[PDB]
Amino acid sequence: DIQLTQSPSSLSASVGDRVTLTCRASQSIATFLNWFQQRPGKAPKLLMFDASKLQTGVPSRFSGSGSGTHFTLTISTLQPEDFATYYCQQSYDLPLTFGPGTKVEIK
Amino acid sequence: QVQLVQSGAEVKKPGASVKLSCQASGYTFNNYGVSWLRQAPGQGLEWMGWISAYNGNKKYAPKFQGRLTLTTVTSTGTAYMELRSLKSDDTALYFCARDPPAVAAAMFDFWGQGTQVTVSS
Amino acid sequence: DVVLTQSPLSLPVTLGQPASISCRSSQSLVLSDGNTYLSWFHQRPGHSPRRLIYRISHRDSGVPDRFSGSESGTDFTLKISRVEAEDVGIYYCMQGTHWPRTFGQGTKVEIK
Amino acid sequence: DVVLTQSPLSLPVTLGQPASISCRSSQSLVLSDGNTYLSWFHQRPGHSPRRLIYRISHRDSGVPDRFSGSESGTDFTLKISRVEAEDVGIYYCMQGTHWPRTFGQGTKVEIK
Amino acid sequence: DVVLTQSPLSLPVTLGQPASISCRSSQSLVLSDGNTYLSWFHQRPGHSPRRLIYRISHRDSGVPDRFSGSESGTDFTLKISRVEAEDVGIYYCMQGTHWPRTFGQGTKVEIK
Amino acid sequence: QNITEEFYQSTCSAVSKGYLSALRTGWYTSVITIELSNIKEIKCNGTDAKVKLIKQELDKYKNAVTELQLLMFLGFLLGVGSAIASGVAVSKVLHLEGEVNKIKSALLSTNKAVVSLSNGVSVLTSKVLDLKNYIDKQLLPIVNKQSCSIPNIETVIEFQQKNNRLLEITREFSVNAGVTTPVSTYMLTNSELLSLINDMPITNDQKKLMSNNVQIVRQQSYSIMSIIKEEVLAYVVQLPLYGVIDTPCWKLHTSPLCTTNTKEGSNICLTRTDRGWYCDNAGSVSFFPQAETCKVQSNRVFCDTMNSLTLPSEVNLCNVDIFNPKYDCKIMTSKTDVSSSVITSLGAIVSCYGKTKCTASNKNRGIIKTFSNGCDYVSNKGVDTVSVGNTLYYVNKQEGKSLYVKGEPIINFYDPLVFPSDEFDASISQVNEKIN
Amino acid sequence: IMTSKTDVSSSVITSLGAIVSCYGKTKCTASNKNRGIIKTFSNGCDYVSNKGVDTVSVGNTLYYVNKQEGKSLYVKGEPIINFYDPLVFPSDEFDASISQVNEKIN
Amino acid sequence: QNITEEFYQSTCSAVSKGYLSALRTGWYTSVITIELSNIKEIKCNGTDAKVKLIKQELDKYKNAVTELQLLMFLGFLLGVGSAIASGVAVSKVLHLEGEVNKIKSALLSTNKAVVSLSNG
Amino acid sequence: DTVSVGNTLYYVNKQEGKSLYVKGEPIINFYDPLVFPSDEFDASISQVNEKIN
Amino acid sequence: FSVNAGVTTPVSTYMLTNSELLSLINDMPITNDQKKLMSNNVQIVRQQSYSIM
Amino acid sequence: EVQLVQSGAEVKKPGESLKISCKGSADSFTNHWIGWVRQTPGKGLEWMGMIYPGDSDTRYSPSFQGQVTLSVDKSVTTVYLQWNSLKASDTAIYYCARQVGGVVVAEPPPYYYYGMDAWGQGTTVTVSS
């Protein structure tokens with residue numbers, strides 16, 4: 001139903017860099033957006049809910065901001081284990097849909 | 001579709017009076033009131049006063065007490081504002097806007113294009 | 001009177017990117033019922049200002065998708081999804097609960 | 001409907017020792033007042049079953065000292081003080097608050 | 001009956017210095033409203049005793065500045081700012097909430 | 001306050017003058033709004049204490065929503081009107097399609113807005129409690145984020161405080177058939193009543209009178225239940241509009257004037273029936289015979305013209321000329337000689353007949369006066385208590401001046417052989433025609 | 001019935017209208033808020049509907065007409081008061097009856 | 001309790017006898033006192049939950065104080081008396097100057113005291 | 001336990017005590033229906049008798 | 001006091017609890033028989049009493 | 001902390017039916033919904049459906065409505081996914097995930113789902129000849 005597009009479609013960064021990753025929803029979802037992380041062969045792990053608030057156990061280096069139809073996730077100190085695929089997830093209406101995915105690669 | 005039209009510009013010497021008009025159209029004016037605002041070149045907006053066309057209740061800002069008096073005309077849906085003690089701080093653009101009929105939060109939904117009044121010697 | 005502080009006062013922005021304008025109150029704007037009243041107004045040069053947001057996270061009639069703003073406690077925000085060439089002007093924040101109804105200073109927004 | 005699970009389903013017991021039969025509900029059996037309703041029924045072969053416990057830790061009329069059972073929250077118990085040769089049969093637990101009034105599967109009890 | 005214990009029972013004091021007399025109850029003296037009632041009485045030899053403090057930290061009429069006492073919970077105090085040569089006698093503490101109205105044992109106060 | 005009283009012996013009556021009037025001539029209907037949120041399911045299953053409490057509060061809220069959904073002497077001349085006619089009219093108009101949408105859209109940006117309904121009525125609507133606000137963005141996020149396990153009890157306590165008003169309102173609506181009077185503090189607090197009085201499009205004198213006696217104004221007002229649908233509970237408060245302020249008003253008290261003939265069965269007794277309040281409005285003064293309809297509060301008489309009668313100004317002369325040809329005073333007559341007293345504002349009228357013992361006494365000297373036979377009057381300054389037979393009354397100690405205007409009681413002007421003692425509402429001329 | 005001679009003008013608000021008895025010099029009107037006074041009640045007992053009018057005013061006392069949805073029939077008739085002679089009318093009854101009042105007249 | 005009833009057919013009436021009477025012949029006026037404290041300002045500004053609650057309770061107390069400050073067949077033969085005549089008389093006497101001082105000074109050391117007012 | 005007149009239902013008070021059915025002739029038979037005044041709210045035996053007279 | 005114009009009757013439990021009503025009845029300078037009657041029917045006594053602000 | 005175990009690898013021929021299971025724990029599993037999602041190689045994750053273990057209520061995606069059914073058993077804390085007719089394009093990795101929130105909603109949208117924090121280890125399902 002709702003189309004969520006993540007930008008950029010692919011990303012390159014160095015270790016320890018501050019990276020900002022945005023995604024835009026085709027309709028206002030009112031800060032009800034989640035951020036999941038997934039590695040090859042591994043189940044997704046919820047990092048952030050409410051698009052800014054940290055889940056217990058997720059490192060405090062992750063931050064989030066945004067509202068309406070624009071959201072962003074900010075990482076301060078990148079780690080090689082941080083480099084994975086990130087999905088933002090709408091929770092405003094059915095069916096819950098994911099974005100195209102972003103592959104963070106060390107270059 | 002709400003419309004607020006203001007009168008033409010005017011030039012005055014210090015010590016005179018200013019009477020500005022704001023004609024409304026496109027809605028039932030009697031269910032709302034008007035607040036009058038000022039915009040002088042180089043500064044922001046200042047709430048001068050609010051007067052409701054429903055009950056006649058009015059409230060003026062403390063800085064403007066002793067000079068302001070607002071008068072609603074419901075026969076034609078127009079606001080009028082009189083200010084006295086003109087000084088160099090009167091060269092400004094004056095703005096009309098709608099507001100609730102009672103003491104509550106301000107809506108300020110639609111604004112008129114303003115009437116410019118300039119003072120000099 | 002409750003004085004509202006805006007941040008920043010000059011907003012140079014590049015086309016297509018988001019923009020942020022914050023408004024910060026001196027005392028609580030919570031009325032008797034519980035509604036917190038901060039409104040946002042957009043004024044283009046040569047014309048009258050137009051209301052943009054009437055209550056927190058409440059878009060106004062005809063206001064396009066690009067505009068939204070929501071914050072609680074003490075701060076309030078104005079978030080532009082994508083700034084266009086039509087968004088030049090000045091933006092003001094406003095409280096309606098306390099007399100006198102104080103405006104902000106106003107931030108100017110032009111395209112870089 | 002709330003389904004009640006009994007444990008175990010086969011009860012081989014030695015004469016004179018205690019016995020335990022547990023009943024586990026799928027949803028809360030607490031009525032409006034606060035009473036939690038689980039009853040226990042003993043059926044001897046060839047005859048009709050007879051009520052044994054009507055409310056938790058409430059022994060019934062004529063039920064001897066050997067029988068008792070009390071538990072709160074989610075589980076309920078049936079404790080036989082000393083099993084005798086007359087205690088052969090099958091035992092069922094029952095809830096009375098939710099419609100339909102669901103029984104358990106029933107555990108058989110014989111002497112070893 | 002609530003028994004009140006005084007401390008100490010003998011009070012030798014030097015002229016000009018402060019003095020302390022404590023009264024300790026066996027049960028709570030809090031009435032229905034909330035007022036805790038302990039009074040202090042000064043008796044000079046050969047004459048009748050005179051009330052000194054009627055409620056906790058409440059000085060009585062004509063009682064000079066030298067007298068005061070305030071404490072909460074379970075203990076109550078009598079503090080003499082400066083003992084003079086006129087303060088010889090015996091002091092008693094009293095509760096008024098419980099029947100019978102029990103007095104203390106009384107502490108004697110002389111100048112050294 | 002220079003309050004005054006006059007006692008006339010001619011009718012053994014007493015008029016108290018010097019009051020300030022407040023005459024309810026109109027009704028002001030305001031649409032009070034409580035924005036709710038219809039929770040569809042409370043699917044929590046935890047048996048924790050805090051979970052138990054929060055599910056209890058959510059269950060009371062849901063039951064409150066379900067309950068509010070389920071809800072959807074001269075007195076015989078008073079016309080039976082509908083005190084809740086205006087409120088029920090506005091409620092029926094709100095029951096049309098598209099009215100709730102207008103009420104909601106008008107109050108999206110403000111707290112008070114005048115809405116033009118399909119009937120043609122422009123009503124002031126004001127949101128006094130946004131339960132929808134606290135529930136959607138302040139309560140449900142926490143309860144749902146923590147999966148029904150509240151972390152701190154303060155939120156449950158503040159939920160109690162916020163939902164207490166809705167629960168109390170549901171309670172009165174359930175035990176009162178959707179119509180409650182006077183308006184409780186839960187429906188309209190005193191600050192809100194003052195604010196609503198100030199925002200009425202009326203003169204300033206009515207504003208100040210109602211602002212000084214908000215309590216009597218609340219006692220004289222009604223509350224009518226209206227629609228609850230689409231996350232909004234609107235109810236209409238019907239407030240009194242005293243279109244006339246600061247008029248002269250006087251109260252008339254009457255006592256049984258009976259003769260003291262020696263024979264038991266041969267006496268006659270008379271009593272003016274028009275007791276009560278008279279408040280001056282325009283051409284003819286308002287009359288209230290039912291004292292329950294008038295409220296005296298610090299010399300201010302607040303009364304309701306719907307339970308009143310409209311009469312010419314000459315009713316005031318009913319106190320001055322009893323045989324006047326321009327007004328016919330109303331009385332009742334009987335022959336049962338029971339001694340009794342009426343406690344006026346500045347004294348007490350005592351009608352002592354037969355062998356009943358009557359005395360006036362103050363506590364610091366005992367009996368100071370012994371009432372002889374007849375209708376007499378005792379002041380309020382020197383005496384604290386009065387006693388007739390073995391029944392005890394106390395004299396009102398109001399500060400003011402009382403004038404003992406002497407006169408011959410009129411009972412001696414009738415012949416006991418001709419007195420008709422079967423009248424409940426009579427008149428001087430028709431009684432005279434009966435005598436004739 | 002009951003009978004009396006005290007002429008006080010008053011109204012009763014029915015379910016689908018309002019009956020207004022206007023006598024003497026008391027001013028009686030029926031008005032809706034969006035047109036002012038629409039009808040002036042003359043002398044006698046009259047009836048006003050509930051659809052077209054919102055408020056009624058007799059003398060200086062104000063009543064509001066019930067706005068219940070439904071149909072009202074103004075079944076015409078001659079008021080029966082003209083069938084009694086005022087010289088013979090007994091005005092001292094609280095609970096009377098037609099035949100016994102007729103026997104009183106007789 | 002040996003309660004008795006008699007039915008008479010002559011008037012189709014019934015008398016029930018055998019009761020114990022309690023006939024209100026007097027009024028006893030007692031001055032009940034609630035000692036308050038007029039808080040002049042609640043200047044708390046914290047938005048914490050407990051601060052929110054305590055400011056709410058202090059605000060209700062202050063509004064309560066402000067509200068209490070704002071407040072300042074044979075039946076036709078019964079004489080209309082003032083059931084609150086004694087209470088309103090004592091209240092008017094208390095409204096004089098110096099009466100509140102006596103009420104306060106008499107109850108400084110005890111819970112119950114007889115105060116002699118200016119009325120006597 | 002219960003009494004029923006027409007189609008309206010009353011319940012008898014179940015108070016414990018003794019009741020005496022003191023017999024008598026109802027007094028209504030002592031008045032002539034041609035002379036009975038039926039317009040009284042508070043009357044008296046002697047004045048009703050004087051009305052009859 | 002707000003919804004009742006400063007005069008409430010009967011006296012609610014908030015103005016005078018039952019223990020306080022019993023205590024006030026006992027401390028009246030009257031005979032003992034009146035004390036026992038009112039102490040047995042404190043509830044009816046409260047129903048028959050007034051409270052003035 | 002809380003863990004969820006799933007069924008093993010599954011291989012089948014087009015046309016037949018197949019059932020997979022996902023088992024969790026006792027304490028928290030009662031108050032969290034259980035949703036199912038599908039992920040195909042080279043594409044994004046596609047949400048299949050959701051069920052509550054307490055009431056066995058069902059909510060399906062538009063693209064998977066009528067194609068596959070869900071079931072639950074609180075007695076053994078099991079959730080099952082059962083196919084009516086397999087197809088070749090269904091070869092993918094399937095995940096069971098518990099989602100907190102959504103326990104109390106009013107006039108949705110919006111919903112109050114906030115997290116899918118614990119996921120099964122993934123079941124690889126292949127439909128091959």
# chains A, B, ... in the order shown; residues from 1 in each chain; ligands from 1
$ select_by_dssp --residues "segment 19-75 of chain E" --states "strand (DSSP E)" --output "count of residues only"
20
$ residues_around --residues "residue 90 of chain H" --least-positions-apart "3" --cutoff "10 Å" --atoms "only C-alpha atoms" --output "PDB file with N, CA, C and O atoms, in the first residue's frame"
ATOM      1  N   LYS F 397     -31.493  36.811  62.626  1.00  0.00           N
ATOM      2  CA  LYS F 397     -30.659  37.860  63.200  1.00  0.00           C
ATOM      3  C   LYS F 397     -30.067  38.780  62.138  1.00  0.00           C
ATOM      4  O   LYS F 397     -28.969  39.315  62.324  1.00  0.00           O
TER       5      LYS F 397
ATOM      6  N   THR H  29     -26.598  24.287  68.498  1.00  0.00           N
ATOM      7  CA  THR H  29     -25.677  24.839  67.514  1.00  0.00           C
ATOM      8  C   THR H  29     -24.244  24.653  67.996  1.00  0.00           C
ATOM      9  O   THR H  29     -23.863  25.184  69.045  1.00  0.00           O
ATOM     10  N   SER H  30     -23.458  23.902  67.232  1.00  0.00           N
ATOM     11  CA  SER H  30     -22.059  23.657  67.542  1.00  0.00           C
ATOM     12  C   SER H  30     -21.200  24.212  66.417  1.00  0.00           C
ATOM     13  O   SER H  30     -21.514  24.029  65.236  1.00  0.00           O
ATOM     14  N   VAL H  31     -20.119  24.893  66.785  1.00  0.00           N
ATOM     15  CA  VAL H  31     -19.240  25.540  65.817  1.00  0.00           C
ATOM     16  C   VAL H  31     -18.152  24.536  65.449  1.00  0.00           C
ATOM     17  O   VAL H  31     -17.179  24.356  66.180  1.00  0.00           O
ATOM     18  N   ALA H  85     -32.238  29.256  61.010  1.00  0.00           N
ATOM     19  CA  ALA H  85     -32.235  30.541  61.704  1.00  0.00           C
ATOM     20  C   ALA H  85     -31.127  30.603  62.747  1.00  0.00           C
ATOM     21  O   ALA H  85     -30.414  31.607  62.850  1.00  0.00           O
ATOM     22  N   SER H  86     -30.975  29.539  63.538  1.00  0.00           N
ATOM     23  CA  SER H  86     -29.952  29.530  64.578  1.00  0.00           C
ATOM     24  C   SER H  86     -28.551  29.555  63.978  1.00  0.00           C
ATOM     25  O   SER H  86     -27.683  30.301  64.442  1.00  0.00           O
ATOM     26  N   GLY H  87     -28.314  28.738  62.951  1.00  0.00           N
ATOM     27  CA  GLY H  87     -27.001  28.709  62.326  1.00  0.00           C
ATOM     28  C   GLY H  87     -26.628  30.025  61.670  1.00  0.00           C
ATOM     29  O   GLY H  87     -25.489  30.486  61.786  1.00  0.00           O
ATOM     30  N   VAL H  93     -23.093  36.609  63.870  1.00  0.00           N
ATOM     31  CA  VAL H  93     -22.333  37.024  65.047  1.00  0.00           C
ATOM     32  C   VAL H  93     -20.845  36.792  64.826  1.00  0.00           C
ATOM     33  O   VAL H  93     -20.008  37.625  65.195  1.00  0.00           O
ATOM     34  N   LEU H  94     -20.490  35.661  64.212  1.00  0.00           N
ATOM     35  CA  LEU H  94     -19.097  35.401  63.871  1.00  0.00           C
ATOM     36  C   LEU H  94     -18.563  36.375  62.830  1.00  0.00           C
ATOM     37  O   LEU H  94     -17.346  36.575  62.756  1.00  0.00           O
ATOM     38  N   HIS H  95     -19.439  36.984  62.027  1.00  0.00           N
ATOM     39  CA  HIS H  95     -18.997  37.938  61.017  1.00  0.00           C
ATOM     40  C   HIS H  95     -18.586  39.279  61.608  1.00  0.00           C
ATOM     41  O   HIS H  95     -18.013  40.101  60.885  1.00  0.00           O
ATOM     42  N   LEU H 117     -19.315  34.897  72.860  1.00  0.00           N
ATOM     43  CA  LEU H 117     -19.289  35.836  71.754  1.00  0.00           C
ATOM     44  C   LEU H 117     -19.877  37.177  72.191  1.00  0.00           C
ATOM     45  O   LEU H 117     -20.352  37.340  73.318  1.00  0.00           O
ATOM     46  N   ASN H 119     -22.544  38.623  71.085  1.00  0.00           N
ATOM     47  CA  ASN H 119     -23.991  38.536  71.233  1.00  0.00           C
ATOM     48  C   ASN H 119     -24.387  38.163  72.657  1.00  0.00           C
ATOM     49  O   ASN H 119     -25.488  38.509  73.100  1.00  0.00           O
TER      50      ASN H 119
ATOM     51  N   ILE J  52     -24.810  24.884  58.255  1.00  0.00           N
ATOM     52  CA  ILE J  52     -24.808  26.255  57.756  1.00  0.00           C
ATOM     53  C   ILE J  52     -23.370  26.746  57.662  1.00  0.00           C
ATOM     54  O   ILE J  52     -22.584  26.571  58.600  1.00  0.00           O
TER      55      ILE J  52
END
$ closest_atom_pairs --of "chain I" --to "chain F" --cutoff "10 Å" --atoms "only C-alpha atoms" --output "tab-separated table"
residue	atom	partner	partner_atom	distance
I:39	CA	F:422	CA	8.9
I:40	CA	F:422	CA	7.3
I:41	CA	F:422	CA	8.3
I:42	CA	F:422	CA	8.2
I:43	CA	F:422	CA	8.6
I:44	CA	F:336	CA	9.5
I:46	CA	F:265	CA	9.3
I:47	CA	F:265	CA	9.3
$ interface_residues --of "chain K" --to "chain D" --cutoff "12 Å" --atoms "only C-alpha atoms" --output "number ranges by chain"
K: 30, 53-56, 73-77
$ residues_around --residues "residue 51 of chain J" --least-positions-apart "5" --cutoff "12 Å" --atoms "only C-alpha atoms" --output "number ranges by chain"
H: 27-32, 83-88, 90-91; J: 1, 4-16, 46
$ interface_residues --of "chain C" --to "chain B" --cutoff "8 Å" --atoms "only C-alpha atoms" --output "VMD selection string"
chain C and resid 37 39 47 to 51 54 95 to 97 99 to 106
$ residues_around --residues "residue 161 of chain F" --least-positions-apart "4" --cutoff "12 Å" --atoms "only C-alpha atoms" --output "VMD selection string"
(chain F and resid 57 129 131 134 154 to 157 165 to 168 186) or (chain H and resid 52 to 53 56 to 57 60)
$ residues_around --residues "residue 28 of chain G" --least-positions-apart "6" --cutoff "10 Å" --atoms "only C-alpha atoms" --output "PDB file with C-alpha atoms, in the first residue's frame"
ATOM      1  CA  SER G   9     -52.182  34.371  30.652  1.00  0.00           C
ATOM      2  CA  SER G  10     -49.867  31.377  30.362  1.00  0.00           C
ATOM      3  CA  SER G  11     -48.718  28.610  28.041  1.00  0.00           C
ATOM      4  CA  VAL G  20     -50.753  29.697  24.302  1.00  0.00           C
ATOM      5  CA  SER G  21     -53.711  31.242  26.128  1.00  0.00           C
ATOM      6  CA  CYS G  22     -53.376  34.999  25.574  1.00  0.00           C
ATOM      7  CA  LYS G  39     -46.794  35.314  14.625  1.00  0.00           C
ATOM      8  CA  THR G  40     -48.638  37.557  17.091  1.00  0.00           C
ATOM      9  CA  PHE G  41     -51.066  35.578  19.255  1.00  0.00           C
ATOM     10  CA  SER G  42     -54.445  37.314  19.405  1.00  0.00           C
ATOM     11  CA  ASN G  43     -56.954  36.847  22.227  1.00  0.00           C
ATOM     12  CA  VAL G  56     -42.682  31.632  22.396  1.00  0.00           C
ATOM     13  CA  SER G  57     -43.123  34.673  24.635  1.00  0.00           C
ATOM     14  CA  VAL G  58     -46.181  35.607  26.709  1.00  0.00           C
ATOM     15  CA  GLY G  59     -46.135  38.912  28.557  1.00  0.00           C
ATOM     16  CA  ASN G  60     -42.467  39.057  29.551  1.00  0.00           C
ATOM     17  CA  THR G  61     -41.981  35.340  30.312  1.00  0.00           C
ATOM     18  CA  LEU G  62     -40.229  33.151  27.748  1.00  0.00           C
TER      19      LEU G  62
END
$ residues_around --residues "residue 284 of chain F" --least-positions-apart "2" --cutoff "9 Å" --atoms "only C-alpha atoms" --output "list in words"
residues 280, 281, 282, 286, 310, 311, 312, 313, 314 and 315 of chain F; 60 of chain G
$ write_last_selection --atoms "N, CA and C atoms" --output "CSV table (one decimal), in the first residue's frame"
chain,number,residue,atom,x,y,z
F,280,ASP,N,-39.5,43.6,40.4
F,280,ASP,CA,-40.0,44.5,39.3
F,280,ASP,C,-39.2,44.4,38.0
F,281,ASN,N,-40.0,44.0,36.9
F,281,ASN,CA,-39.5,43.9,35.6
F,281,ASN,C,-40.4,44.7,34.7
F,282,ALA,N,-39.8,45.7,34.0
F,282,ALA,CA,-40.6,46.5,33.0
F,282,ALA,C,-42.0,47.0,33.5
F,286,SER,N,-42.7,40.8,38.4
F,286,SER,CA,-42.8,39.4,38.5
F,286,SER,C,-43.3,38.9,40.0
F,310,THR,N,-46.9,37.2,35.6
F,310,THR,CA,-46.7,38.6,35.1
F,310,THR,C,-48.0,39.3,35.6
F,311,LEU,N,-47.8,40.3,36.4
F,311,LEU,CA,-48.9,41.1,37.0
F,311,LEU,C,-48.6,42.6,36.9
F,312,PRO,N,-49.6,43.5,37.0
F,312,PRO,CA,-49.4,44.9,37.0
F,312,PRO,C,-48.6,45.4,38.2
F,313,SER,N,-48.1,46.6,38.1
F,313,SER,CA,-47.4,47.2,39.3
F,313,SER,C,-48.2,47.4,40.5
F,314,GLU,N,-49.5,47.4,40.3
F,314,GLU,CA,-50.5,47.7,41.5
F,314,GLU,C,-50.4,46.6,42.5
F,315,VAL,N,-49.7,45.4,42.3
F,315,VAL,CA,-49.6,44.4,43.3
F,315,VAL,C,-48.8,44.9,44.5
G,60,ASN,N,-43.9,39.0,29.6
G,60,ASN,CA,-42.5,39.1,29.6
G,60,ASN,C,-41.8,37.8,30.0
$ residues_around --residues "residue 1 of chain H" --least-positions-apart "3" --cutoff "9 Å" --atoms "only C-alpha atoms" --output "ChimeraX atom specification"
/H:18-19 /I:16-17
$ write_last_selection --atoms "N, CA and C atoms" --output "PDB file, in the first residue's frame"
ATOM      1  N   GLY H  18     -47.867   1.929  70.323  1.00  0.00           N
ATOM      2  CA  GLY H  18     -46.809   1.188  70.980  1.00  0.00           C
ATOM      3  C   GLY H  18     -45.414   1.613  70.574  1.00  0.00           C
ATOM      4  N   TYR H  19     -45.247   2.889  70.239  1.00  0.00           N
ATOM      5  CA  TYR H  19     -43.987   3.417  69.740  1.00  0.00           C
ATOM      6  C   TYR H  19     -43.314   4.274  70.807  1.00  0.00           C
TER       7      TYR H  19
ATOM      8  N   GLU I  16     -43.990  -7.768  62.617  1.00  0.00           N
ATOM      9  CA  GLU I  16     -44.440  -8.649  63.685  1.00  0.00           C
ATOM     10  C   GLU I  16     -45.210  -7.863  64.739  1.00  0.00           C
ATOM     11  N   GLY I  17     -46.424  -8.310  65.028  1.00  0.00           N
ATOM     12  CA  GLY I  17     -47.264  -7.636  66.000  1.00  0.00           C
ATOM     13  C   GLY I  17     -48.688  -8.129  65.898  1.00  0.00           C
TER      14      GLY I  17
END
$ atom_distance --atom1 "atom CA of residue 90 of chain F" --atom2 "atom CA of residue 127 of chain F"
16.8 Å
$ interface_residues --of "chain F" --to "chain H" --cutoff "6 Å" --atoms "only C-alpha atoms" --output "number ranges by chain"
F: 340-343, 394, 396-397
$ closest_atom_pairs --of "chain A" --to "chain F" --cutoff "12 Å" --atoms "only C-alpha atoms" --output "CSV"
residue,atom,partner,partner_atom,distance
A:30,CA,F:137,CA,10.9
A:31,CA,F:137,CA,11.4
A:32,CA,F:141,CA,10.4
A:49,CA,F:145,CA,9.3
A:50,CA,F:145,CA,9.6
A:53,CA,F:145,CA,11.1
A:55,CA,F:145,CA,10.6
A:56,CA,F:146,CA,11.6
$ select_by_dssp --residues "segment 2-102 of chain G" --states "helix (DSSP H, G or I)" --output "VMD selection string"
chain G and resid 80 to 83 98 to 102
